[PDB]
RNA sequence: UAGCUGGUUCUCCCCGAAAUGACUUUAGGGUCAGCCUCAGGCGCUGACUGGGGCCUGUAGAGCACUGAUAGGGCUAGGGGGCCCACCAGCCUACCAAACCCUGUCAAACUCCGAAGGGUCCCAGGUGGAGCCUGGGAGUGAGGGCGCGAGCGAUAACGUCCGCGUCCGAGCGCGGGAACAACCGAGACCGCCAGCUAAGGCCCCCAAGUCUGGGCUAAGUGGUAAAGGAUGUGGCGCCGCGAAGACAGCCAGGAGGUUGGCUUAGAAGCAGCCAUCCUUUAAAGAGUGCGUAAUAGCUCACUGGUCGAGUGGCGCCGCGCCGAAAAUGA
RNA sequence: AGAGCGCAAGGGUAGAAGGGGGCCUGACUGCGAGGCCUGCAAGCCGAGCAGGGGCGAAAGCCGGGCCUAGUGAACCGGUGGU
RNA sequence: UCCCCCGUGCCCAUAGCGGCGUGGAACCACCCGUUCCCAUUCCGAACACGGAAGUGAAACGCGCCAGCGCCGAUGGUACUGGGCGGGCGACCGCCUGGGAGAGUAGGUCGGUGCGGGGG
């Protein structure tokens with residue numbers, strides 16, 4: 001449960017997402033990598049649910065590192081009030097992640113630790129994903 | 001350090017670039033559009049008289065009459081460091097009407 | 001090591017690629033033309049030699065010329081290799097990224113702590129005549145809470161530097177435990 | 001229908017704009033007095049026989065045709081072919 | 001009196017639009033534009049593009065702007081401890097500016113910057129083009145579908161703008177089984193004339209049970225997923241192996257060791273910390289089972305017996321399940 | 001050029017518009033080719049003409065302030081001048 | 001006629017920076033004296049007047065490590081006026097015309113118009 005802090009403005013429009021990711025598809029940080037893969041939003045619940053699965057099964061292990069950051073105003077409106085007035089308020093602090101967008105990396109474990117952790121983690125997300133190693137993403141700034 | 005385009009005031013619509021330094025006066029008539037000058041006259045690089053105050057004066061006028069054989073009318077005084085001290089060359093008697 | 005090559009012409013990417021090949025564009029100081037190679041052996045061979053080492057690609061035009069790759073430009077969506085660029089071999093003060101191998105078992109480690117490496121291929125210089133393969137460096141007396149880096153690395157004589165160099169090479173960090181859920185509160 | 005006290009906004013506003021920008025292009029024969037450009041800042045410094053009014057308006061001073069010139073640290077300048 | 005309603009009638013032809021902007025005690029009333037049409041008066045000008053000149057800040061991208069930044073790192077200061085009142089020596093499993101480098105988020109941010117678009121001058125462009133006039137008008141909720149922003153919940157056949165257009169005015173024709181806008185085509189009338197578009201040849205219904213090589217085994221096709229599988233073909237990676245594999249058999253499958261430790265006891269085996277070697281062909285500080293914990297079945301290991309293949313991974317197609325509603329299919 | 005520029009934002013500017021001061025008072029009378037916009041009304045800029053000022057020695061600058069809200073057609077009456 | 005320094009306009013950061021060399025007779029920075037000029041919210045530091053003393057350092061133009069800076073193609077994607085097709089959704093793919101930034105090699109401490117001081 002992290003985010004920015006009421007920066008500049010607080011309500012911002014919806015979105016349609018073809019495919020580009022803007023980039024950010026490599027190791028650089030640590031080692032073994034979990035790669036997100038569909039055009040959608042990353043849910044905070046699923047942020048720290050992935051963190052759950054991780055330190056949950058793998059406890060007293062090594063270190064895990066982040067590249068991402070969940071921050072989106074889920075413009076939600078009150079119920080049964082009949083549609084119209086206003087936009088809504090900043091719930092569902094999701095983030096914007098498309099296919100091929102990687103995101104999570106582990107370091108200081110065994111191969112299988114990564115493997116299993118990434119399995120259950122992928123079992124949690126509002127979609128699904130893939131996972132790989134370290135060899136051909138060298139040079140990426 | 002007298003940028004300010006004091007020369008924008010002089011980019012009015014006619015110029016005349018000069019200078020004064022140590023023992024020499026550097027007076028020249030310049031037309032612009034491309035930056036094509038015209039006339040020349042100096043203090044000591046002319047073997048004139050040997051006193052800055054007097055020389056200054058008539059040197060302006062010297063060049064002026066020379067310009068009268070080359071054909072001009074009105075321009076603008078061009079310089080960066082000045083405070084403006086007349087220098088009764090003040091290229092005014094010096095043809096220009098100056099001031 | 002040795003790989004194939006072929007002179008490229010005025011042909012377009014997708015064709016060469018989606019067939020089973022991959023185009024490139026070599027150059028060196030006084031050079032900049034276009035070339036290409038085959039896919040499968042490209043992929044395979046790049047696991048080994050790579051930017052770790054030097055490539056000796058054979059042109060059917062005769063000259064089995066040794067160069068180096070660099071720039072590779074992925075397809076970013078359903079991705080993989082999709083356009084390598086080639087610098088060519090010289091001997092001048094040239095720069096590249098040397099692979100590494102940190103060896104040993106230190107004190108932060110074993111206790112449970114974990115190393116955070118910040119570099120494997122590093123920004124350095126040399127003359128291609130030299131063969132400073134892959135530098136295998138020091139990890140004997142390491143402790144959590146401290147970092148090692150900078151101009152503290154070994155040099156196979158001749159190899160100059162190209163950084164600042166206070167660039168952090170690595171640092172040992174305290175692991176993660178479910179007692180960080182005591183912070184969840 | 002369990003309709004409860006909602007909130008009331010204010011964000012129903014904006015400005016209303018004219019047709020701000022380059023009125024005349026170059027290659028167009030102008031007739032002294034034609035306003036040629038509207039602008040806010042001194043984005044385009046007026047030039048040779050191109051004048052300005054308080055509203056940074058670059059109208060035609062002479063008879064002829066618009067032209068442009070730019071230098072690095074000086075900005076964007078505009079003139080007009082004069083014709084005798 | 002009615003900004004509102006029901007009726008308004010014979011015929012041929014040439015036309016052909018609105019559903020948008022300013023506004024209204026105005027929102028279903030109406031004045032101006034807007035296009036229609038008519039009649040007089042002018043001539044490449046209209047859409048469109050090659051050329052060339054000039055304006056943009058959007059997709060996308062970008063951290064150098066304005067902001068957010070994950071992490072390590074190091075470094076300022078202090079909070080602060082010991083510290084001294086002649087003043088300062090000093091410290092920092094801390095709070096941590098900056099910066100660094102690992103990395104990134106932005107309709108109201110922009111170092112960059114598209115396809116372009118708009119339009120200007122020369123040239124092309126005779127067309128229910130273009131200019132002027134005035135005469136008379138209707139029209140001021142449009143809507144389908146695409147593609148693009150939005151309140152919407154990436155809900156509605158809610159949806160307000162944007163471009164685009166069909167219907168409206170073409171519920172005229174051919175398809176879509178039947179369905180104004182999903183595709184094909186401007187119908188002046190006749191035609192027992194052939195071409196032909198959408199889609200079609202098993203049929204009603206017009207057209208090949210055509211010719212050919214694979215793939216599928218559910219009726220997939222008749223239309224579902226997250227996810228799951230010795231369903232099948234084809235590519236490809238790695239080793240064991242004729243010194244003989246795999247698989248089934250005899251045989252050990254050990255000892256310090258009951259490892260440490262805790263523990264009522266914890267013997268490979270509840271568990272946490274945990275890497276030694278030895279009789280060797282071969283036994284793992286032991287894989288699951290087992291006891292109250294031992295004991296015990298065990299398998300990895302290894303030799304043979306034996307005879308020709310075998311097991312695992314990555315990949316591309318089709319099928320499988322995930323799949324339960326209210327008249328009768 | 002991140003200060004600032006009167007209040008908000010954008011632009012933009014120290015080649016000023018900001019900051020210090022001397023003299024003044026074009027915060028001019030009667031016209032204005034010309035056009036942006038634009039249904040209409042409206043808003044807007046404007047070099048140059050005759051009058052006749054202020055400063056700068058002059059070349060020249062000023063027909064209110066760096067700009068975009070501080071503004072309200074008509075009917076009706078007060079006011080002085082002519 | 002090949003030619004040495006400066007008033008000075010244009011090229012847009014290769015022109016800018018630390019530094020590295022630089023000249024001085026002439027140019028210039030100055031130097032020098034506040035008598036002349038007029039000037040400072042104070043100070044002759046801003047500007048004039050006058051020189052014999054006298055500097056080449058601080059200053060400019062000019063010659064350089066090219067670390068920083070800026071210039072930066074070649075090839076490919078990202079998308080897309082335009083056209084033709086598949087979706088539980090969200091999306092996509094082929095053609096036509098395009099072509100970034102980024103990665104990259106690479107490049108420069110200045111290019112130049114007039115006028116006057118000259119080996």
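All Cβ positions, even for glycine, are placed from backbone atoms using ideal geometry, and neighbour counts span all protein chains on display. Quick note: the coordinates plus some simple rules give every number you see, no bench work behind them.
Quick notes
- Stokes-Einstein D for region C:104-179, Kirkwood Rh over Cα pairs, 4 °C, 1.567 mPa s (µm²/s): 92
- Alpha-carbon centroids, region C:164-184 and region B:59-91: separation in whole Å: 76
- A crude spin-label estimate for the pair residue A:57 and residue D:18, with each label 7 Å from Cα along the Cβ direction, gives 6.8 nm.
- Along its three principal directions, the equivalent ellipsoid of region D:1-45 from the Cα gyration tensor extends over semi-axes of 48, 12, 8 Å, largest first.
- Springs between Cα atoms under 10 Å define the GNM used for chain A, and in it the highest mean-square fluctuation of A:93, A:74, A:32 occurs at A:74.
- For region A:1-46 and region D:1-30, distance of Cα centres in Å: 31
- Size descriptors for region A:29-137, from the alpha-carbon set: Rg then Dmax equal 16.7, 56 Å.
- The C-alpha atoms of chain A define a longest principal axis, and helix A:44-58 lies at about 20 degrees to it.
- Largest first, the three principal axis extents of the alpha carbons in chain D are 81, 30, 23 Å in whole numbers.
- For the protein assembly as shown: Kirkwood Rh in Å [reciprocal of mean 1/r, alpha carbons]: 31.7
- Rounded to 10°, Cα long-axis angle of helix A:111-124 versus longest principal axis of chain A: 20
- Rounded to two decimals, the Cα radius of gyration of region A:24-92 over 2.2 N^0.38 Å is 1.58.
- Ranking of A:37, B:46, A:2 by count of other Cβ atoms within 10 Å, fewest first: A:2, B:46, A:37
- Highest-fluctuation residue, C:157, C:106, C:66 considered, GNM on chain C with Cα pairs under 10 Å: C:157
- For region C:1-82, the direction-averaged projected area of the alpha-carbon convex hull comes to 5.7 nm².
- Percent of Cα pairs exceeding the 18 Å cut-off, where the set is region C:14-151: 64
- The calculated FRET efficiency for residue C:121 paired with residue B:92, based on their beta-carbon distance and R0 = 56 Å, is about 0.15.
- Comparing Cα centroids, region C:39-69 and region C:114-162 end up 25 angstrom apart.
- For chain B, share of DSSP beta bridges that run antiparallel, in % to the nearest 5: 90
- The value obtained for chain B, namely the Cα convex hull volume divided by the number of residues, is 103 Å³ per residue.
- Rg over Rh for region C:91-139 works out to 1.14, using Cα positions for both radii and the Kirkwood form for Rh.
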